[PDB]
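Cβ sites come from the backbone with ideal geometry, for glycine too, and all protein chains shown count toward neighbours. Each answer follows from the model by the rule given with it, or from the source it names; none is laboratory data.
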Amino acid sequence: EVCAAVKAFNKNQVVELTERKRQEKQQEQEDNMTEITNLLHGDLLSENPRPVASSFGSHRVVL
Amino acid sequence: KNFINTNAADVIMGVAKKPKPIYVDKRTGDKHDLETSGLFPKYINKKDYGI
Amino acid sequence: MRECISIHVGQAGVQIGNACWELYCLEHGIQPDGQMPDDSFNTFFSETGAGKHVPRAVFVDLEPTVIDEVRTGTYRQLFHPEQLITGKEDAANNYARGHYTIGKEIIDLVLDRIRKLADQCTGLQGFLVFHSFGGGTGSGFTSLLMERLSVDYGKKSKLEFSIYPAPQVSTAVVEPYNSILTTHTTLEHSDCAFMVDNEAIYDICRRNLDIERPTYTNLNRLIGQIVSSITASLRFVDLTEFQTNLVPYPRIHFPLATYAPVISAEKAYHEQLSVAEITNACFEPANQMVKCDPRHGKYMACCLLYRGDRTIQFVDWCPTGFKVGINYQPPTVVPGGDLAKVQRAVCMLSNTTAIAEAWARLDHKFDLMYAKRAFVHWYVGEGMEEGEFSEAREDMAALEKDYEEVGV
Amino acid sequence: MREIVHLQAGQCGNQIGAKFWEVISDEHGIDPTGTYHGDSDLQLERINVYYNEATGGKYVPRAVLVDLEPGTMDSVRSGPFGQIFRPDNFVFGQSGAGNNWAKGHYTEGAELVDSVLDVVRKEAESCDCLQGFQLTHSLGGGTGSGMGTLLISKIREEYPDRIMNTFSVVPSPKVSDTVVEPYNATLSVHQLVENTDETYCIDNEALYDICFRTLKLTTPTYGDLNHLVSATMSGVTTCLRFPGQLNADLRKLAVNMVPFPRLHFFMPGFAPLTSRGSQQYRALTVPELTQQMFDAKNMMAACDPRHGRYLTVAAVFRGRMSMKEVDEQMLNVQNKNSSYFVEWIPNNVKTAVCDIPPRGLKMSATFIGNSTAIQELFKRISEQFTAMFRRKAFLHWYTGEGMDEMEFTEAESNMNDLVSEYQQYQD
Amino acid sequence: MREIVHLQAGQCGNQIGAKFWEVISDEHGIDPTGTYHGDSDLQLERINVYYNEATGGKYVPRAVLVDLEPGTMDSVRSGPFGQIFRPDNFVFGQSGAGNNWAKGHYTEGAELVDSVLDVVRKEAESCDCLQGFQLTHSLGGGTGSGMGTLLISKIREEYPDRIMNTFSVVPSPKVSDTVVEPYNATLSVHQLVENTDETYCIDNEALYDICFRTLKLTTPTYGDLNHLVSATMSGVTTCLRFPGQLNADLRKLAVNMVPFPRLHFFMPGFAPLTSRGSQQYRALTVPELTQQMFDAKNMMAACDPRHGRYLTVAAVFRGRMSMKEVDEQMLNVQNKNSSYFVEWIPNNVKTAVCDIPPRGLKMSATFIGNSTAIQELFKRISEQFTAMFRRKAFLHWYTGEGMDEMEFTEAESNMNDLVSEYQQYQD
């Protein structure tokens, strides 16, 4: 009986550990998507010319 | 050149290959070397030992 | 009346003591606030008249950014705010900074708080010092602490739990200089130093448990289990009989450590864990906590701590070599931990001849550096003479011939 | 409570610093006014390492901006982040150095060090425990090299137990834009060997190489080479501000890569540098950081580490990662290469792990390698210094400032011996 | 656990090996963008033999495309499945080989050989246990054969325990679209002798006999010939990817068919090739797969094994089928014929059964045979090399590239002994 409830607790714990592993893998894929989306939106790889705009005015640029 | 005689002579007058010792740890075939892990006694054989 | 003052020096000490004190809180009823929602906590806790329970520990570091997380974490209300001692600048992997220049700013404060903690306890068994050989503070300030504790606290037990440097992996370049210059000055000032290294616990957490890529917390929890199994007979043998039954000669105080069932909850269902199984699994070289092998040496002593319900060859002069202790409380599972729930466990502390290869490798790497005088200017300029390298090396030469002499 | 004072000289040191401070302020949530607009509590916790609190919640940097002409103090003041700098910290003279070392060291810069040392003695007294200084300057100019190595010699006599990093832009033989380059570079490497604790060597032909073959930029400006440098400049101070599992001071890195007191010229690198086309191919793990960190396409200096032994190596990781995987890749890169690592140092690589990644990344890393392939960098200078000086090509500018010819002879054998000093551990 | 790093060289080498990947990817259920859309798990459990993982559940092949001109590395990219490859693995030079074997072996392909052994080591040291490489090339061109033997000559020395398979397209006997063919092929078969574990021999003329006489197509093309090569490439390496009742690796065929180390030239084939109209009558049983492996019209080399003797025979069966009925037919052909089998090997046939069939078929079969009628190939290359080389015809297009005339004289006598080697296992 005591062996039975220890084995049942072990089986249940195996189910929760497997679900925790699945959850952290899916969260890793989410962070990968955030990685690549932010790096494509970044101005270094987009090369938008607006980064040459200067606070002094719209006629002068940053060298 | 007698290829049959030379092939036989090459495979009789020689030496055998000596493998690097490798031990498997897990049940899924994980392979590691032996002489650089801490198991087989290698570094007590040094001549500096105890002095 | 059976207290144990704990001292945690270094980042290794603080991050191990976090796991240890979480387990100590959960074994009794103590919430992380400090209130219980029986007096067996008295070996580790103090009962303020305002209902609060305060631990008997001192956390020391020369850097503030690993104690500030304890100060802002979940266990913020539990600790006395001045049982956590911090410096401003760390020791920077330098035994000289950690011994002579920086550690002298904190040694008096640590001794003051230790005296204040030891005045509460009626019957004090001894101290437990958690440290790491490789770091700056854990190698310099720890040795300075034992030097200034030997003259102050008598013939008390001074147990050490150390992270000995691993045989092939380390997180520093300058580690062997520390690892020899601390052993030379703690050889005569200690009673028993259980040594576990991180590489063997990585092997066990990969192999026994199925945790590929573990972090330090999965190691700190197993260390906490071993310390609880050592001290559990005070709460539910003593600390005092360990130094009698493990250290024959006064320089050979270096035993080992093992916990017998370290298995996952998806393989505790498949097997018995009877006393013969766990006793056999203590003496297996795959389950030791130092990457070494006691087949290639000779056993000298063994202490077997059971908890809950012709290959092994001994030395000539010690035929018996066994001390056995039995406790009745089974080990307690923490939520989020990785071990199973079990009814029986064993912790074996064994003194063996097969640790000579560790000192031989350490001396080899110290020689390899120091023959060409690398890194010496850092250690010389921080108030430390050069000749101490020569005395530490000839002293550890004497130690290797000691390990051969006793075996012969 | 381990504060860092930033010192920055020349046009090169003022245009690196305008981009470094543009990176730190994003990392701590500071807008161009100076008010904290962030979404954590870790950012505000140790902002005092670089920022001084003002009244009203403002934060101003602990930087001193020096120059010898007033022309580069206006483009800094007219950038996006130019209004956070305290206006007293701009110290600028009205007659330039003119690509001349001697005017920077004896005539013009010597009348300005006493008006800069007043400023740095004001930010050395706001710190409860000052860690050390920082200089960014160019070795190929006249006021980065004359005044800049005049300040270090005067700082190191007043704060002699601190830490004095530099980020030297050493001249390149290919990307070079001054005839009188090797006179200033020879007379300044002589001034860095006995007055710094660490000196990271940067060549501009190695930053163009990274921006052409790895990031694949069409037109890299100087603003895209100042972003490469400033990502390493905050990668070595990142455990002083954010917590971790295994920290590293700047002092702890001085201990482990300086075996002998004159061997402190390193080569930086930064791990996750990638294109915009290769962003969905990259797998974002720790072995991919380690493969790119050690790549010889990747070092920020123009000397190849396949021509010499690696004396010692660093690694300063960021992110939430596994200490088993961090520690098993430094062992892995060390056992295949038997003769790329020096024999009398058995473990060469020191690792540290911080816990907070840069803004917009998952994890990152940094490399600070000490090699005996750095002595080819001081021999292309020493083959062009001696081609000119054997006939006295340009000396009349230099002699007529109070400077003698004998200083061009003592700064030859004092760099001819450092090449032989790095040579004796090459084999 | 058993990886294969694909190499492919030339315009022949890339137009073969771009159709092979469309064959494999629909054998495993991979859409043109790279993701997985399949209805099994045997399609996915052994996919690591050929496919590196990418992010988001996307798989990229382990293929490296080398070439010496950028025109044929944009028809590959603009095909149907051309977007699955990682773009770094595309390697192309800027100036062609020019059908010149010297130009690709010594001059143009000796600086490109250093730039591809960076690529092939990043893909070889990322495998858990490397089984062995491949190659696909032609012995008539310049970059397939000149540089393409320089690769095998080099990466046998660095990796001498692994497997090096090749899929040669040796020159055709009848059709010849290059005058300077025989200098290419004679100088290349010497490099195949020492450095290669297995080599198949494919003639483009004997691919034309299949696609007209047997498959009965109105218009064949170089996609209906690159489907025949790829349907033999998949048959040798399908017991690595799919379970069977009896397995056969890439080693277990080379162990059995290569007795002596100089004799590794084989003769492929493929059994169920039937027309639309004749399909109603054909496609019956397992005796109709052993009938058409061994038919002498189906060989993919233009050399007939009736002229000589099968040293060793092999067969790889695909489909879920009877372990008895496979074994009874190989007993049936080994006993009816006597002088088509060598005397000193009494079990000349090795057999293998793979469960998962090819795409669209319910059963299939594949052949490899090893003959002493493969040495009529080299007696026809050497009849047209020393025809030309007697009066020194095209010699300046090779000698002015850095060769000499006695590199020719040894390379014919490095073929006029392997001809007379095979003539002594004749009797």
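Does residue E:128 satisfy the criteria of being among the acidic types (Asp, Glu) and either closer than 25 Å to residue D:214 by Cα or touching a strand residue (DSSP E or B) at 6+ places or on another chain (Cβ under 8 Å) (or both)? First the steps, then the outcome.
On the way: among the acidic types (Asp, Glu): yes; either closer than 25 Å to residue D:214 by Cα or touching a strand residue (DSSP E or B) at 6+ places or on another chain (Cβ under 8 Å) (or both): yes.
Yes.
Which of the residues spanning the stretch C:330-353 are β-branched (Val, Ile, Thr) and not in a loop (DSSP other than H, G, I, E, B)? Give the derivation first.
Taking the stretch C:330-353 first, the residues β-branched (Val, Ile, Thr) are C:332-334, C:342, C:346, C:352-353.
Of everything in the stretch C:330-353, those that are β-branched (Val, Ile, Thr) and not in a loop (DSSP other than H, G, I, E, B) turn out to be C:346, C:352.
Can you name the residue in the stretch E:28-62 that is within 14 Å of chain A (Cβ to nearest Cβ) and among the small types (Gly, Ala, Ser) and is also farthest from residue E:134 (Cα to Cα) among such residues?
If we filter the stretch E:28-62 for residues that are within 14 Å of chain A (Cβ to nearest Cβ), which is where we start, we get E:35, E:53-58.
With among the small types (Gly, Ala, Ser) added as a condition, the list becomes E:54, E:56-57.
Working: E:54: 22, E:56: 28, E:57: 26 Å.
Per the criteria, the residue is E:56.
For the stretch A:2-11, indicate whether the set of residues that are facing another protein chain (nearest Cβ under 7 Å) and in contact with a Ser or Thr (Cβ under 8 Å, 6 or more places away or on another chain) is non-empty. I'd like the intermediate steps shown before the answer.
So in the stretch A:2-11, the residues facing another protein chain (nearest Cβ under 7 Å) come out as A:6-7, A:9-11.
So of that shortlist, the ones also in contact with a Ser or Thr (Cβ under 8 Å, 6 or more places away or on another chain) come out as none.
Within the stretch A:2-11, not a single residue is facing another protein chain (nearest Cβ under 7 Å) and in contact with a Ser or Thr (Cβ under 8 Å, 6 or more places away or on another chain).
Looking at the stretch E:299-318, which of its residues are surrounded by fewer than 19 Cβ atoms within 10 Å (Cβ to Cβ) and of a type outside the set (D, E, K, R)?
E:307
Taking the stretch C:73-102 as the region of interest, how many residues are within 26 Å of residue C:171 (Cα to Cα), touching a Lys or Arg at 6+ places or on another chain (Cβ under 8 Å) and away from every other protein chain (no Cβ under 11 Å)? Reasoning before the result, please.
Of the residues in the stretch C:73-102, the ones within 26 Å of residue C:171 (Cα to Cα) are C:84-102.
Applying the additional criterion that residues be touching a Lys or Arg at 6+ places or on another chain (Cβ under 8 Å) yields C:84-85, C:88-93.
Within this subset, residues satisfying the condition of being away from every other protein chain (no Cβ under 11 Å) are C:84-85.
Number satisfying all stated conditions: 2.
Any chance the stretch D:365-383 includes a residue that's of a type in the set (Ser, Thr, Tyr) and in a loop (DSSP other than H, G, I, E, B)?
First pass over the stretch D:365-383, keeping only residues of a type in the set (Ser, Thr, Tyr): D:366, D:371-372, D:382.
Keeping just the survivors that are in a loop (DSSP other than H, G, I, E, B) gives D:372.
Checked against the condition, which is being of a type in the set (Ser, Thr, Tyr) and in a loop (DSSP other than H, G, I, E, B), the stretch D:365-383 yields at least one hit.
Can you confirm whether the stretch E:172-189 contains a residue that is in a helix (DSSP H, G or I) and under 27 Å from residue E:356 (Cα atoms)? Please lay out each step first, then the result.
As a first pass, look at the stretch E:172-189 and keep what is in a helix (DSSP H, G or I): E:181-189.
Keeping just the survivors that are under 27 Å from residue E:356 (Cα atoms) gives none.
No - not one qualifying residue is present in the stretch E:172-189.
Run down C:230, C:226, C:211, C:204 and say which single residue is farther than 25 Å from residue C:270 by Cα and outside the structural domain of residue C:384 (by CATH). It would help to see each step written out before you state the result.
Numbers: C:226 fails: farther than 25 Å from residue C:270 by Cα; C:211 fails: farther than 25 Å from residue C:270 by Cα; C:204 fails: farther than 25 Å from residue C:270 by Cα.
Of C:230, C:226, C:211, C:204, the one residue that is farther than 25 Å from residue C:270 by Cα and outside the structural domain of residue C:384 (by CATH) is C:230.
Identify all residues within the stretch C:88-128 that are assigned to a loop (DSSP other than H, G, I, E, B) and within 23 Å of the chain's Cα centre (by Cα); write none if there are none. Please lay out each step first, then the result.
Here is the first cut: in the stretch C:88-128, the residues assigned to a loop (DSSP other than H, G, I, E, B) are C:88-94, C:102, C:106, C:119-123.
Matches in the stretch C:88-128: C:90, C:91, C:92, C:93, C:94, C:106, C:121, C:123.
Within the stretch D:321-338, is there a residue that is farther than 22 Å from residue D:426 by Cα, at the interface with another protein chain (Cβ under 10 Å from one of its Cβ atoms) and in a loop (DSSP other than H, G, I, E, B)?
Yes, the conditions are met somewhere in the stretch D:321-338.
List, please: which pairs have Cβ atoms under 6 Å, are six or more places apart or on different chains, and start with a residue in the stretch C:93-117 that is under 17 Å from residue C:382 (Cα atoms) and end with one that is acidic (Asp, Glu)?
Going by the 6 Å Cβ cut-off, the qualifying pairs are C:96/C:382; C:97/C:382; C:101/C:382.
Sort out which residues of the stretch A:12-59 are more than 24 Å from the chain's Cα centre (by Cα) and more than 8 Å from chain D (Cβ to nearest Cβ), and write them in order of number.
Those that are more than 24 Å from the chain's Cα centre (by Cα) and more than 8 Å from chain D (Cβ to nearest Cβ): A:12, A:13, A:14, A:15, A:48, A:49, A:50, A:52, A:53, A:57, A:58, A:59.
Would you list the helices (runs of 4 or more DSSP H) that sit entirely within the stretch C:184-273 and hold 2 or more residues that are within 18 Å of residue C:163 (Cβ to Cβ) and more than 14 Å from chain A (Cβ to nearest Cβ)? Give the steps one after another, and end with the answer.
Numbers: elements: C:198-207, C:217-235, C:240-246.
Fully inside the stretch C:184-273 and qualifying: C:198-207, C:217-235.
Determine which member of the set E:233, E:267 is touching a helix residue (DSSP H, G or I) at 6+ places or on another chain (Cβ under 6 Å) and within 23 Å of residue E:21 (Cα to Cα).
Details: E:267 fails: touching a helix residue (DSSP H, G or I) at 6+ places or on another chain (Cβ under 6 Å).
After ruling out the rest, the residue left standing is E:233.
Only one of (1) within 16 Å of the chain's Cα centre (by Cα); (2) within 14 Å of chain C (Cβ to nearest Cβ) is not met by residue D:199, so which one is it?
Exception for residue D:199: condition (2).
If you check E:415, E:406, which single one turns out to be outside the structural domain of residue E:309 (by CATH) and assigned to a helix (DSSP H, G or I)? Reasoning before the result, please.
Numbers: E:415 fails: assigned to a helix (DSSP H, G or I).
None of the other options fit; the residue is E:406.
Taking the stretch C:26-72 as the region of interest, how many residues are of a type in the set (A, V, I, L, M, F, W, C) and within 14 Å of chain D (Cβ to nearest Cβ)? Full working, then the answer.
Going through the stretch C:26-72, the residues of a type in the set (A, V, I, L, M, F, W, C) turn out to be C:26, C:30, C:36, C:41, C:44-45, C:50, C:54, C:57-60, C:62, C:66-67, C:70.
So of that shortlist, the ones also within 14 Å of chain D (Cβ to nearest Cβ) come out as C:62, C:66-67, C:70.
So the count comes out to 4.
Scan the stretch C:196-238 residue by residue and report those that are of a type in the set (A, V, I, L, M, F, W, C), more than 18 Å from the chain's Cα centre (by Cα) and within 24 Å of residue B:28 (Cβ to Cβ). Show your work before the answer.
So the first thing to find is which residues in the stretch C:196-238 are of a type in the set (A, V, I, L, M, F, W, C), and the list is C:196, C:200-201, C:204-205, C:209, C:211, C:219, C:222-223, C:226-227, C:230, C:232, C:234, C:236-237.
Next, from what is left, pick out any that are more than 18 Å from the chain's Cα centre (by Cα): C:205, C:209, C:211, C:234, C:236-237.
Across the stretch C:196-238, the qualifying residues are C:205, C:209, C:211.
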